[PDB]
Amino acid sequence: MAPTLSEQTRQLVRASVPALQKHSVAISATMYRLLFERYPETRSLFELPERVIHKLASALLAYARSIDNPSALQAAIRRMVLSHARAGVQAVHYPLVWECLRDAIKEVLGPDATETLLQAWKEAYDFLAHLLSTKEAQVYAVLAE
């Protein structure tokens, strides 16, 4: 549960909320298409890919709106954990989805996807990823026995 959210990360993530209000669906859909074509093993995980795309778009927006208080997203984090565990999402998938999410941001935001903004979102992603993946491992261990 180690990683953290620096002051600069929070400021830049907070500032992208206007772009996410307009483009989070484009970012989420583009992210999933890059994942579909770069890592075909993962397509077996998505029962309803269209529905998940709009859920992730909302989560990105909500997460950016609450980057100063991540604990206010406890219920939504719970949903993500149990959805992932239901589908068999694994710890090693998280680098792949970041790779596709980085390039989704680079594509949709065009010039506004500066390297500082991408580094802020990488840290915000790594925080959320480390929290989701560790709680999922715990849930897996409980259902094994």
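From 1 onward, residues are counted along the sequence shown.
- Remark: stretch with higher mean C-alpha B factor among 56-64 and 42-50 is 42-50.
- The stretch with the higher mean CA B factor, choosing between 75-83 and 109-117, is 109-117.
- Per the deposited record, the Cα B-factor of residue 9 falls in the middle third when ranked against the other modelled residues of its chain.
- When the modelled residues of the chain are ordered by their C-alpha B factor, residue 122 lands in the middle third.
- Per the PDB record, residue ranking by Cα B-factor puts residue 22 in the highest third of the chain.
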